[PDB]
Each structure stands twice: as C-alpha cells, then as structure tokens.
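What follows is a pair of forms of the same protein chain, given separately as structure tokens and numbered structure 1 and structure 2.
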Structure 1
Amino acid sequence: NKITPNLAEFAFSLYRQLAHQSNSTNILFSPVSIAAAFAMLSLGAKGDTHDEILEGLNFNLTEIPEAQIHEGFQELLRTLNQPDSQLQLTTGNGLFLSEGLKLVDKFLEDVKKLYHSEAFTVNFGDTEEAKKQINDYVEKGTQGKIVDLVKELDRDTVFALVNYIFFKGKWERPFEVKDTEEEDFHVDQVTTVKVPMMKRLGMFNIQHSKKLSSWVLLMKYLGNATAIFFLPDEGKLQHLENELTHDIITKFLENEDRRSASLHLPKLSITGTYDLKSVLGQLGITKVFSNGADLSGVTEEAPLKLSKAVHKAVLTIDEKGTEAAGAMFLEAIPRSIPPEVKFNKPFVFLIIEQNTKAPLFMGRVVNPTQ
C-alpha cells in the first residue's frame, strides 16, 4: 500500500503505551480497525479537531495528502470485506448519534462508500434502553460472538462509536486435534498454569534471532494472512517490545526458508477491550472528546463531541486448517534431529495481511487462562 508504514508505527506506538502500563496483562487490539475508525471520523471534523486525529494516527499532514489517506483505507477495508475471502474477518463500526439531530448527508454518505460503516440515531435519554440497542447491533453483527459489549453510558451522550473485530483463521498447514494435550505455561519465572498445547513436527518458517533475542515463527492462514510469533529468550520480553520496527518485520516476511522443528503452540482465545478515549488520549487525540470539538462535518448547526468510543477485539487460535479438509500437503522431514520449540511462556504476536503488509492484529499473551 502506501499508508502501511504509518499504520505500523501507530500500532507499535499504541502497543507500547498498553505494555508500559503493566507487564502481566494480555494485550489484543487491531491497528487497522482503530485507525480506520478515526480516519473515518476525521471526515466530519475540521481544524485542530480534524488535524489532531490524523496526526494521532501517525500521519504527517505536512508531507502527505489527506485524499491519499482515505484513498488507502478504502482499498484496505475493501479487500478485508471480500465476500469470497477465505479469511472470514468480521469487523464493523457502530456510529450512534443522539436522536433528532441534523446530520450532513454528505457525511452519512462517505461513511458508507468509503468506510463501509453504518450510522444510527437513538434516544440517549433512556440509558438502559440505548445501551441495550448498541449491544444488539454488535451481537447481531458478530454472529453473537461478542455480547454485552457496552457496560454503561454517560448522561449527556450524543455521539458514541463502537469498533469491534472477530477473527479465527484456518491454517494453511493445520495441526491435529489428536495431538493437542495439556502442558505447563510459565506465567512467570517460578509459576505455571495448564493450557491445551497444540503440537506438530514439521517444516516451519522458524528461526532464532540474535538482535531480538527471540525465536521468530511465521505461519500462513488461508486467505492471505500471516501470523508472526515472537518467543523472547529468558528475561528479554521488554527488550523485544522495544526493538520491534516495521522494517524488522518486513525482512522476516521476505524469507521463505523452512526448517525442521517440533513446535508446541497454545490453543487459546483472547479478547481486548479498550476505552479509546482513555487510550487514544495518551497519544494526543483529545479535542474530539471535548466540548470544543469541531464536528461540523457531522452535524451542521448543533454542538457535538465524541462521548464514548470503544474497541473490542476477539482472536481464537486452534488446530483447524478450515472447517473441513480437502487439499492435503505433504512435507518432507529431514533425518537430522529437530529442535523442540515451545511457546510455553509470554510471547508477542502480529497478524499481517500479505497484500498490504498492514497489521490486522497485535497482541501479547502472558496468561492464557486470564
């Protein structure tokens, strides 16, 4: 693409903020999902409000044309929604504005053709009634995978944004349910929990990196997506979180070499729930959540601001290399002795879209049972 580098930096920027607040919490969010959520909102904003958002998404308005930005997100979100995608990425934006409000139709239109988003008007006077609706939107939109998203709503809520994303990929080269068994996972230097561990001896795009002091594993998903897992050596987790760059990751994706290995990877499900206002505030995006928010692109006469913005990400990782079978690869294993690589301790991961090189997900697993 062309806005990929910016997205990559936005992601690490946001990841480090969340990782610095604690080192015992799992982390899971979607760089693409969130950036597009606000790039969209920037269409109904002006001046500092509008400029603050695009720069909080790591865009230098002094060197890049806005049209280029929205131009890119349209194509990116375009390919992510292909009805014939083996990927099966179900993501959506919930725009909820107070009832009885003059909305520029040009806005409601762009939010449609460019950001494939849906805008809804509701009675925010009735809290426990508008909240029950917003959650019924996600649920009926996520095949029920995500429920009771919104916990509570403020009083003077007039503008609320709900961003969600669900994903369960199908490995190009799947694991066998029959080999999955419980193994210890080290949440820390002297503590362990049990977790179902998938395992398979095979040819993997795996290698140990000295610069990162970590094992780097790359696995393909049906639908043109790649998962990159980083298993840091003893005591090098922070080191790893600080050395990661977009170029490092790009180098690893150009390598197609496979080597023998007995891999143990946990079967798990992770979710990330974040308050975009709270989180994006530390990145410099505030004006849009304030009274002085210039949202005249949305409503033309009445005062408007973003009251609440939530992001919810769900990622499931299991054996399946599809709901069904068919093809069937066959790998030639060398006779040499293969290394046993176990992801039985905290590790960081990225899920990259092969076409654009955009990060669909970024996360960290510290405790698989939490």
Structure 2
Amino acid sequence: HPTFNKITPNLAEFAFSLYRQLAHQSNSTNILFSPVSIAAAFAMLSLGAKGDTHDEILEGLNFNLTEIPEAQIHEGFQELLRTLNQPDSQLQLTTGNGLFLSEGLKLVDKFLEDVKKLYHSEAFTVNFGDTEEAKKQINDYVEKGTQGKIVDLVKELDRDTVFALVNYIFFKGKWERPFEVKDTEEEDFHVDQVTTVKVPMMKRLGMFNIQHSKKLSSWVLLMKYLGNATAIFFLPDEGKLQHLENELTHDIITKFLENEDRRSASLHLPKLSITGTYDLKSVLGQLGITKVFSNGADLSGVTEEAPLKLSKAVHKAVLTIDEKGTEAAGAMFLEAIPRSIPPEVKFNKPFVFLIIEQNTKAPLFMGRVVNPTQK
C-alpha cells in the first residue's frame, strides 16, 4: 500500500484548511507553512491522547477515522518522514519535532517508544519552574537541530507550562534546470496595484511547464527540483487572488502534476528567503483541535501521574529559492525552442505556491508571497 493512498489526499485538505484560515484573515500577509510537518507532529501527539481528545486531533487533520485505520495514518507519516530524513537525498530538506515536558513527570514508556520509532522524534525534560532557562533550553534544541538556521524560536513561556511542542522545517532545493546568476537583475514587484518593491529577479528563456488557466484566472508554473520534489506556482490575474485561493482543489492541482507538456517562455521568478512562524494552539484551534489544549485534555497516553494538556505549540518553516541547480554550464541546457517571440511571464505580483514530494505527492510546503523583501 503506497504512502500516497494513506495520507496525501488528507494532507491536501489539511493544507487547504490551514491556508484558507490564514488567507481569510488578511490578503496582504506572507504565508509559509508545512502541511506535512504540522500534521505529522500532531499525529504523533495523538499517540498519547485518548477519548475525544484523540479523535478531535486526527479529525482536525482531515482524517476520517471511519474510513481509514489509525495504523495506516501513522505508517504513512512514518514512511514519508523516513524518506525526508534520509541523510543521502539531493533535496536537502530537514524537519524535526521538539517535545518538552516538565521534569519529574513519569512518562509512559509506550509513548516515548512510538515517538522514536514512528516519528523519529525525541522527548526532552525541562524545568518550566524557571521560565527563562526553559526557554533558553528549548531554543537551544532547535538551535542545534536546525544547525543554527532557527534561533530563539520561542519568546514566551507561560508560568504553568508543563508541555510544549516545537515543530520546524528548512528547505533549499536545487533546480534540474538552473538560472544563470549573471542574468538575475533587480526588478519591480507589485505588492499591490499602487505599490512596488525592488527584488532580485531570476530569469531564463526556455521550455517551461507553464500555462494560463482560465478556471483559476492564473498562470501556473511547475519547476522540478533536483531531488524528487516539484514546485508549482499560481500567479492570479489582477484582483483574482481570492478567486484562486478559493478554487484550488486536490483534483485541480493533480491535473497540473499529471501534464508534462511545455512551451517556450521567458520566465522571471523572484529569488527568495522566506519564513513562517505560527502559534499552532491559535491556528489548529480554529480548525477544531481545541481539547488537547484545554484543561480537560486527555493525554494519559503521555503520563498517568497527573492531568496534562498541551500548553504551547509552535511551527516554524523556512524556504529559500535561488538560481542554483544542476552542473553543466554549457549546451547541455540548450533546449529546442520555437522561434516566435516567447511570452514573458513574470512572477512580479502576489502569488501562491506549493512544494510537492515527487513520489508521495504530499504537500511539503504551501505559501503565498505578497512581499518577497519583507517578513
């Protein structure tokens, strides 16, 4: 049973739910999060939950407990996370979890075992008694985990915190067909109709899996990464961002991943270093997952000594995109191009994108770029 059939369709619906929640709050904020990373982390947490607390989590991740066995869900995430942690992958994607519980708590052995074997994650004990040392400790972990990529992830720890969860992911892929750094220039990026910002714009004339969809009122571009990952970008027509974010479905996205026809185009894609940081308690709470964060939370699977609820949960995503790709600076990258004037498709205004794992088609990342030069 392939990983896809166990969790992808579900991750897609989750991805959309979380995205739309953030997109409904504002049309001018940058967005970046990992559906995979966030869902895996709470699927892992559900292992220590029970009763409605447990059901509410999985049902909150768009998984129907009366259609697919909980074992399939965990086996799926296990397989996917396993592939993403492979030290030898050309993708160079690193993601991890941070489980922090107050020292002195008698932990359930079964729980810690599953978290290690199924989610390749580890638990840690910290004295929340001293809010500052606890904070330094947690950040120290993410600090060592992301090899310095993420510093001071947490900025505030409530006094009665007993359990906090940290989830992060960092990605910077290399294209199969790169851009020549020499061709990158500063260009106008239209944050809105009456405001522009200058941004380094990569550009290349070639054959691209690019086309304009009348259904989404957007140009759609697919770029393959060296490493079994594909980036797909949705450039909505003027004033059609809300339309696009509203029309996206798994079927529509899949339709694009299935078609490989290409056409000539002079592409302009902005170089970017973007991040996303979220309070999962606030976000997941709006998605129906509230009990695991409440006083009546059932986390007896984590500890039987005394009551327990998730006090803090934060997600941090980091994505970098630049010209770097394959090695063959020459005619190797010479494509057969029709000789009419090719369309100049510029990603110079707000757009949506996703990064899809090649084999499982799982949504590693989903975001929106409103202003590439500002947080």
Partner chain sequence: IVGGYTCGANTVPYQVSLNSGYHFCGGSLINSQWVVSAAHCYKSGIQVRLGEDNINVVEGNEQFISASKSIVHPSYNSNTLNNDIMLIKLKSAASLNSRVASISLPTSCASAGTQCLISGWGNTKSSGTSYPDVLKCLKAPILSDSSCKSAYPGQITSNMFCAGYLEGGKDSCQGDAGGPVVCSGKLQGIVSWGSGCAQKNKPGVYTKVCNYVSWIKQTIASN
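For numbering, take structure 1's sequence and count from 1. C-alpha atoms forming the largest set that superposes within 1.5 Å between two forms make up the rigid core. Shifts are known only where both forms have a C-alpha.
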Quick check on the two chains I just loaded: which one is the form solved without the partner chain, 1 or 2?
1
After the core is matched up, is the C-alpha of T322 off by 2 Å or more between structure 1 and structure 2?
yes
By how many angstrom is the Cα of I333 displaced between structure 1 and structure 2 when the rigid core is overlaid?
2.0
Keeping the rigid core fixed, work out how far the Cα of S13 travels between structure 1 and structure 2, to one decimal in Å.
0.6
Displacement in Å of the C-alpha of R78 between structure 1 and structure 2, rigid core kept as reference
1.1
Listed by sequence position, which runs of three or more consecutive residues have C-alpha shifts of 2 Å or more between structure 1 and structure 2, the rigid core held fixed?
322 to 330
